[PDB]
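Okay, so here's the structure we're looking at.
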2 protein chains.
Amino acid sequence: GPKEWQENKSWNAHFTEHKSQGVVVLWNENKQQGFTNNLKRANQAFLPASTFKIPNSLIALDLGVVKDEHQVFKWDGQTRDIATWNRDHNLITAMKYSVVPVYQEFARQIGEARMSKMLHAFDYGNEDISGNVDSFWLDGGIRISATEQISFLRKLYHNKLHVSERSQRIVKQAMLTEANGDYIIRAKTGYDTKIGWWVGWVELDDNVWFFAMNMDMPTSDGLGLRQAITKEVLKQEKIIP
Amino acid sequence: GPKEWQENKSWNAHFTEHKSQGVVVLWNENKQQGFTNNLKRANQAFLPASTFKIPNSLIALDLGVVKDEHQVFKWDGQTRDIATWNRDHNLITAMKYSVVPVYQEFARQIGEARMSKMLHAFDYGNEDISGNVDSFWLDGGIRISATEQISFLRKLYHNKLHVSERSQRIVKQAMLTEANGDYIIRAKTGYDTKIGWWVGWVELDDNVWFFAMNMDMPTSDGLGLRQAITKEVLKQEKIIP
Ligand SMILES: *C(=O)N1C[C@H](NOS(=O)(=O)O)CC[C@H]1C(=O)NOCCN
Ligand SMILES: *C(=O)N1C[C@H](NOS(=O)(=O)O)CC[C@H]1C(=O)NOCCN
Ligand SMILES: [Cl-]
């Protein structure tokens, strides 16, 4: 019988091109088949870093910590290194600019008990929030693999997570990254100072391709490689032109 | 003091460069102020043509004629002149490719009594569904002006139409046309063999600009001018780069 998961090591060329190493995992929804350049790493667990703003957003919305995507979270007045963080934000722009202090406030409002209960209900990674309530996704005990990111994202796409359909629709709106006549990308980046992530999906007219990639990332100088390498794989597989 | 609507006739150069005649109407949501090259034409009511797939979609969803944006509507097997129509579609692709026969089926299932009641509730144009329930927006009595399109779109943007929030969120998803790091466009085209339309809005980080344009369109050869002329205006006003 056909294989649910297939390894394609030719994608390693896209990583070694940049003296890098990592994994891309693709899932073809229509075919119910997955593809990766590294089966082992596809299933190894890493800190989610800023990809955690997907579940964090869902929980904050479902609990009413965030009322809607227009509610303004005012800048606290502390000038931070990332200039786009030094202003007021809403859910859309806080996702787009990956505004850590806004999401730390969400996590504090959610609190440990409800955060843990929600991650258990989401079957999210190892479901472990050990560490600080407002930083465990960057320096605490939670871990998730690329294949587990895909599992979670497929549930979100199909409105199957254990939060309201409304919360799921709002977060999918906030994940919008790129759209044109050929495809729509909904995704989220992350970086934990050692590993970079890009997770999300590509919507086509008659199919959707889920993706989760992580790569060794010793400095922020190479962060654009997260999208660049993933797009080289998508182009090789004829998913985008 | 300042006026709700200001006339900026310099935009006429974008129509005359293409030997065209028409109107662009913009509404700055933050400032609660509008701008147009021709206030009279901005208030002239025309057949909506395919821009009617916005309210049609909302009504079909709210009544359960369309269950969700993934439900497949099978091709009826009749080969029509637009090749993209001769295939199965869902709500997303039916809007993207402006698939009239799919929307005619929605309209028949809605039926005239519910269609009329819902257009009255929407305050949509002249609310007149005279003609066939499955063609009145193409050859019947309904008429809507560019400023009336903006009024309708503003209600949709704010979830203020008299249908569920879910229906409004799904339709706004289906209107997605373009997105990048600078802007998001949600919009719908139309053409009635005499005039072409483009209506929708541009989402920025900290503002929304609604737009409605129509132009004289003797042949289908110049249909790309609907978006090109609008974008020239958006560029002149520094809304998009
Ligand atoms: C999350 O992964 N973040 C926040 C921000 N996101 O940028 S993105 O990775 O491009 O989405 C910057 C990187 C990362 C951090 O939190 N970096 O700070 C690490 C030390 N506090
Ligand atoms: C509506 O305006 N339509 C449907 C389709 N839309 O193309 S768009 O202008 O690019 O949105 C083709 C043009 C127009 C029609 O005239 N078609 O409706 C009659 C077909 N039964
Ligand atoms: Cl969207």
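Every number here is computed from the coordinates shown, using simple stated rules; none is lab data. Every residue, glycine among them, receives a Cβ derived from its backbone with ideal geometry; neighbour counts consider all protein chains shown.
The order of the peptides B:180-191, A:7-18, A:112-123 by mean Cβ neighbours within 10 Å, most packed first, is B:180-191, A:112-123, A:7-18.
Across segment B:133-235, Cα-Cα pairs farther apart than 21 Å form 39% of the total. Each Cα pair under 8 Å and six or more residues apart adds its separation to the average, and for segment A:5-236 the resulting relative contact order is 24 percent. Each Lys or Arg adds one and each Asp or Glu subtracts one; over the other residues with Cβ under 9 Å from the Cβ of A:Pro101, this totals -1.
Here the Karplus curve 6.51 cos²θ - 1.76 cosθ + 1.60, taken at θ = phi - 60°, turns the phi angles of segment A:185-200 into couplings of 10, 10, 6, 8, 8, x, 7, 9, 6, 10, 10, x, 10, 9, 9, x Hz, with x standing for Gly and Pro.
Relative to the dominant Cα principal axis of chain B, helix B:53-63 is inclined by about 40°. Report summary: the helix-based calculation at 222 nm, which adds -39500 (n - 2.57) for every DSSP H run with n ≥ 4 and divides by the residues of the protein assembly as shown, gives -10000 deg cm²/dmol.
Relative to the longest principal Cα axis of chain A, at what angle does helix A:165-174 sit, 0 to 90 degrees, rounded to 10? The two axes meet at around 70 degrees. Could you state, as a whole-number percent, how many of the C-alpha pairs of segment A:180-241 are farther apart than 14 Å? Tail of the P(r) past 14 Å holds 55 percent of the pairs. The alpha carbons of segment B:28-157 stretch over 46, 28, 28 Å along the principal axes, in descending order. For the protein assembly as shown, the normalised intensity computed at q = 0.09, 0.10 Å⁻¹ comes to -0.67, -0.82 (log10 of I(q)/I(0), Debye sum over alpha carbons, equal scatterers, no solvent). Note on segment B:1-67: Kirkwood hydrodynamic radius from all Cα pairs is 14.5 Å, rounded to one decimal.
Per residue, the average separation of C-alpha pairs within less than 8 Å and at least 6 apart gives segment B:63-193 a relative contact order of 18 percent.
If you place +1 on the Cβ of every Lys and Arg and -1 on the Cβ of every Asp and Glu, how big does the dipole about the Cα centre of chain B come out, in debye to the nearest 20? Dipole magnitude for chain B comes out near 140 debye.
Report the local net charge at A:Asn38: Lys and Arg +1, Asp and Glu -1, summed over other residues whose C-beta lies under 14 Å from its C-beta.
Working: positive: A:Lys9, A:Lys40, A:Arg41; negative: A:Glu7, A:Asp216.
So the surrounding residues net to +1.
Computed about its Cα centre, the charge dipole of the protein assembly as shown is approximately 60 debye, with only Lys, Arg, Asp and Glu carrying charge at their Cβ.
So what is the relative contact order of segment A:125-214, in percent, for Cα pairs below 8 Å that sit 6 or more residues apart?
Once divided by the residue count of segment A:125-214, the mean separation gives 20 percent.
Once the Cα atoms are used to define both axes, helix A:112-122 deviates from the longest principal axis of chain A by about 30 degrees.
For the residues A:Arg169, A:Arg154, what sequence is obtained by ranking on other C-beta atoms within 10 Å, fewest first?
Values: A:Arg169 20, A:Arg154 15.
Final ranking by Cβ density, sparse to dense: A:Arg154, A:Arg169.
One chain, two ends: B:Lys9 and B:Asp139. Fully extended at 0.36 nm per residue, the span grows by 43.6 nm beyond their Cα-Cα distance. Taking all Cα-Cα distances within chain A, those exceeding 33 Å account for 14%.
By the scheme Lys and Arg +1, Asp and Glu -1, what is the net charge of all other residues having a beta-carbon under 14 Å from that of B:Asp192?
Details: positive: B:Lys53, B:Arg143, B:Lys188, B:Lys194, B:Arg226; negative: B:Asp139, B:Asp216.
Net of charged neighbours comes to +3.
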